[PDB]
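Beneath this line is the structure, given in structure tokens, with notes to follow.
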Amino acid sequence: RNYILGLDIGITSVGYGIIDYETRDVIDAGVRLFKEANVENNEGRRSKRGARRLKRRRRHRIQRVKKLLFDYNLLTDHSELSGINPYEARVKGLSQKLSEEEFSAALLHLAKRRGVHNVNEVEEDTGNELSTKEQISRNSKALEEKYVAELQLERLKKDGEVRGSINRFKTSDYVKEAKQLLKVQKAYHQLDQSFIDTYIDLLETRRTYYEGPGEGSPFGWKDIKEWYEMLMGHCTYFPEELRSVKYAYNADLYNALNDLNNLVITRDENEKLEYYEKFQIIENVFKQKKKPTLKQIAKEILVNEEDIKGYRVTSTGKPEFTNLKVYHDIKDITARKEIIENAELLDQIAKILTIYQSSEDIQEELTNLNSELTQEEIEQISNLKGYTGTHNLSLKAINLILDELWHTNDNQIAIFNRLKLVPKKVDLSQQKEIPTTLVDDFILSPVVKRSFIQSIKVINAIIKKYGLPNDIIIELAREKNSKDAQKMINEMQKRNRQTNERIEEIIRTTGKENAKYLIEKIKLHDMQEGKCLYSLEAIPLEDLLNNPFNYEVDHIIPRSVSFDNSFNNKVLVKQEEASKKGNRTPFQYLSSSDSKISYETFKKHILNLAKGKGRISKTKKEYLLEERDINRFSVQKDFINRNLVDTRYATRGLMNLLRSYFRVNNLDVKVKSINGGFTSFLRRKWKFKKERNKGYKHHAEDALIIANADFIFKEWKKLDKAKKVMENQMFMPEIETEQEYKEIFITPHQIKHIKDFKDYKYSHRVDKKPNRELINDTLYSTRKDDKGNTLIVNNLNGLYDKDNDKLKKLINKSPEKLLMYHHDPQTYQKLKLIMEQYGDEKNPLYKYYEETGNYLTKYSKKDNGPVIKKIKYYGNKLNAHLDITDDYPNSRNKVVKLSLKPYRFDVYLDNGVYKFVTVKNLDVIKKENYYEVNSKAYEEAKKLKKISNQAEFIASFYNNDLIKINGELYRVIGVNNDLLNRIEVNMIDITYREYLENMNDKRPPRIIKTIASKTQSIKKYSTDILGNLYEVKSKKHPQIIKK
RNA sequence: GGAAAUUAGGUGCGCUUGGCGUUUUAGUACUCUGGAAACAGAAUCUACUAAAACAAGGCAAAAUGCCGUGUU
DNA sequence: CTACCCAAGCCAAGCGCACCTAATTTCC
DNA sequence: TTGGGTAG
Ligand code: NA
Ligand code: NA
Ligand code: NA
Ligand code: NA
């Protein structure tokens, strides 16, 4: 039939509501669910990618230093340098002789940790933060008379350690020390100047941001030109043309001419500047003064400033005129007419200055110009600052209309329109459905991008199954992400705690239990300092408590135009003032005779109220002092745009995409958005359950409410004015009072259909991506007990943190797990003493150090033992793991990584018994065009699971795939335990965590299913994006993945 | 609403580095044994320093070498 | 099996371009 | 939230 589509677009969900356009009965409703596309995910990938390069290039630096030492025959395979201490050698080499083994180990150590380059220049007063800027400053002061190696050696002898936060130095300080060392060791070893040059180079050299990665990288570029051209944007009017450099000469001339052509001069002659005038202006004030002032242009044209209007202006109110940057930058170093009067050359100098990023490359590229530039000039030009960014137009666009700017008075947009040049757009005439490719182009957040792409796919599926709707109404989340969302929640709860405490304070003080029924009026009362804002008369709290009906909550701006139901549009006033005011603004009401006070007296009170701590809302101030005319349509448009509709950038982009698609394919579909604040008002007034603990269906419930709102706006003729604005159609009945407003929207008994609806559908996005995180980073050592079991060795760090009770619980439950319990028991007894004395304290080690200022030290008869900074203890028995012991030679024990991230599991039915094979991310291998499962790993896993050749493959299960275990349908999380045949699932219509909360069940909030001989049946289900269920069938395990 | 410009603020993608962190091994300290000491042996607990590995792995051949946790 | 338990790499410094917001001038 | 070992 004819239907209205409502969309609730969220961070992790897209809820849709389908309701009849006439009957207002719900056809269908559901939720599309997916993971939040938060920026930290890709940040993690980029961060790891950067870390790999750092480690790779650091290693490559060392190898080259060693390869250099090999070539000069200071190092051999046979040469042994193990006992040597670099800090001792590096200091000794500064004034004495070193062995070929002792000298090289000093050079190698320097090459490994070479310090920073960029931080160097600027000192920072020490706020005692562990900042690089602060630390570098602190070391420089302490490096005044000493070299780096010297200072480190002193710290080593004096403090016992070198490494840490302090070990941050400038690269120059290392190089300075290296140079001195090489100068002294120069006499004792046969080295040429090529040696000392190559090493210093190797020590200090690092890639630049514009140089990028090496030759192979898909992230790299061939040269600086290709690098910049890829990044820079394209012209608005010529898409094929690259933008001009922001400060090209012709670009700024274009800017200056637009300024002059926008001017209006009041005089007997023409009000617009003639060509000869603009020529004189450009030459006599623009090419003469760096920052042209209004006076200079006025003096040139022989009028006063007051006669000149229509000029760009700064926030101070001072005129802003285009600065000819290149012209003056070059003029200052050279006044030769050969250079300055050459626009083309000035253009080329600007481009070179902007594209390339260092003086040296600038010089070379400037030299390649074969201009009339003196080399002395070129070197001077290369140090010019501020050549960054692009103009929004190409030189092609700029040069084309430059004469027109000179000889007409039309600005750029007037000329472009006259020339029939339209800003580039994307055609959707060919598209069979609403495209998803365009989303990134107009989006800022990764979170919003995914939500939009999913939203579009939801729409495309709905129109395919249901046909086109007349109306699409959309609401977006207030939060940009979940972290931001949680912050909103915290502030909400905190405010609630404050108000709830305030109410308790009143019932204890007055004994009037009525206060819990007057929260909003009390909130207003406290916020308004106990005065009626319209009469400025005092509102005694006792009278408010006893007779609350005498004091009315009035809406500042009438909701007939404001559509604002929030606390910001509410004021507690006397019933008499609220009655007299009617459908007016405070300004309109207080201007009339009906009012007790003048608007000025009112304005004064509000302004003082709006300043200071606990002040009135800023939005409230803007409302209370609204002096525009409410009946003016333009003003009504502003309020609708602020409070009734969603005019945020992301919303506009998506909405325009939909409208553009429909208009081009000539589809009569009306698209609109709605402010979340207004829908919340509806849900509140339509008496929906306050506590949203029903699970995912709330998203579909919201979309139905959103769809119902669209229905209401198309039902009434008084809402036709507002409906028109929401649908953005070009251009009367209207809501006249507060009471009328309530009648139209507060209709709780007309939406029972929504609440009674119980046919919600759910769609969970399935993840099948290969090569995600393969395994946890942490390296673990192992031990073998007397029983023969290999045990994981864990570390206890942060023993002196306040809230760290890990050690206390460990000793009370299992002291024998401490390796220190078996070896060095003297220290254990020393620890146990500390533990027993502060048993009540969460961390006995914290309170100790807090009181003594000293840490637990290893036992020594001389009381000179070392501090204990972390304690090893035995963990669980080793099982599922990654053996990487081979990376560590002659290691007495196994070295492992843990948590083998599963890709999927394949269920087999083997002789009436269900079993499954766990496919790890480690088992999926990449090829140039595709991923494939390791057959040797799969068969091995098949054998370890005792799967037989007779067994038949049932299905594969990825994350969020639907599974029916013994007749109950769940969604797959993943393999929880391969060895114990335990897979983890969750509920489809709700989280299992919340399900237990509703039941007040204290069981662990995780569903673990065991696939064993007691398992009766396993089926694989799936859904469309709308949440419609269906069963699947397959014959063999997919071993090839395309990516 | 759209076009250009000026200032301030913000978001993302990409690049370039720093010092940590985990682990092994070696040396030293610490503990234990013998000894007048030197020193040797044991232990590998705690600490410091150096060398090496750090998503499994895949390329690549003197290289400011390259890829491997994102999206679809 | 149920009902537990544990533990999971991290900060700081540059840079390019794209995009957005707010304010100001003109015009379409 | 999730790999996965543990007590009973
Ligand atoms: Na480009
Ligand atoms: Na620049
Ligand atoms: Na009055
Ligand atoms: Na940025």
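Residue numbers in this text run from 1 along the chain shown.
From the backbone N, Cα and C atoms, a Cβ is placed for every residue, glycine too.
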*Per Swiss-Prot, the range holding region 'PAM substrate-binding', considering A:598-606, A:616-624, A:634-642, A:976-984*: A:976-984
*Which residue range, A:513-520, A:537-544, A:833-840, A:873-880, is the one Swiss-Prot calls region 'PAM substrate-binding'?*
A:873-880
_Can you give me the Cα-Cα distance between A:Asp8 (active site, for RuvC-like nuclease domain) and A:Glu475 (Mg(2+) 1 binding site) in Å, rounded to a whole number?_
5
*asked:* Between the Cα atoms of A:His555 (active site, proton acceptor for HNH nuclease domain) and A:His699 (Mg(2+) 2 binding site), what distance do you get, rounded to the nearest Å?
replied: 30
_For the region 'PAM substrate-binding' (A:873-880), distant same-chain residues with Cβ under 8 A (at least six beyond the ends)_ = 780, 782-783, 785, 789-796, 810, 816-819, 894, 896, 898, 900, 978-979
*Sort the binding-site residues A:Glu475, A:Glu479, A:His699 by C-alpha distance from A:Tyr780 (RNA binding site) and give me just the closest.*
A:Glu479
*asked:* Long-range neighbours only, meaning 6 or more apart in sequence with Cβ under 8 Å: which ones does A:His699 (Mg(2+) 2 binding site) have?
replied: A:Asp8, A:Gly10, A:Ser13, A:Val14, A:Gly15, A:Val31
*Look at the break of 7 unmodelled residues running from A:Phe731 to A:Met732 and give the Cα-Cα distance across it in Å, whole number.*
11
*Starting from the Mg(2+) 1 site formed by A:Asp8, A:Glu475, A:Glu479, give every other residue of that chain whose CB sits within 8 Å of the mean position of their CB atoms, in sequence order.*
A:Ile9, A:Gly10, A:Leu476, A:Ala477, A:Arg478, A:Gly676, A:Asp702
_Counting by DSSP secondary structure, give me helix, strand and coil numbers for the region 'PAM substrate-binding' (A:873-880)._
0 helix, 5 strand, 3 coil
*Could you give me the DSSP helix, strand and coil counts for the region 'RuvC-II' (A:433-479)?*
27 helix, 6 strand, 14 coil
*asked:* Can you check which residue among the binding-site residues A:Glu475, A:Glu479 has the largest number of Cβ atoms within 10 Å of its own?
replied: A:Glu475
